[PDB]
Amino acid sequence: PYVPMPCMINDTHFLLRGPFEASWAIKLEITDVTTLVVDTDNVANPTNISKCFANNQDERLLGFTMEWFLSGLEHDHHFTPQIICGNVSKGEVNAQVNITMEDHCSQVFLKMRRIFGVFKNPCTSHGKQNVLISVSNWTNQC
């Protein structure tokens, strides 16, 4: 009752409400579109992941909600999908994670299945596919 609240809009779209009935939620979209590109300072990793969400001081529990979400997968050095931080100042998502690799994808699905419940396995999809991560308002969608 005081922990992050998972919400599954549909197979592609997921929300994770912040603790204590937070007005915000970490949004996750599974998509085959890439909106971000590698730069010197924009690339992060699951241990670096907390760094991508530096925009807002108002909602400080965002970084915790992420370490909670990674489920200790930053400690699995075989879990190494490409993560690219986004420049929110220029209207782009906080991070895109390339989950095209099959073992990363099955390892991401297994974590999201226990969290969000059963939904369609995106690893059956072919070719490029990403998880896009950004912040949104919570509107009691679930």
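So that there is no doubt, residue numbering starts at 1 and follows the sequence shown.
- Checked against the record, the higher mean CA B factor of 36 to 44 and 52 to 60 lies with 52 to 60.
- Averaged over their C-alpha atoms, the temperature factors of 85 to 93 and 104 to 112 are higher for 85 to 93.
- Across the residues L73, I26, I99, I30, the deposited record lists the maximum Cα B factor for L73.
- Ranked within its chain, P4 lands in the middle third, by CA B factor from the PDB record.
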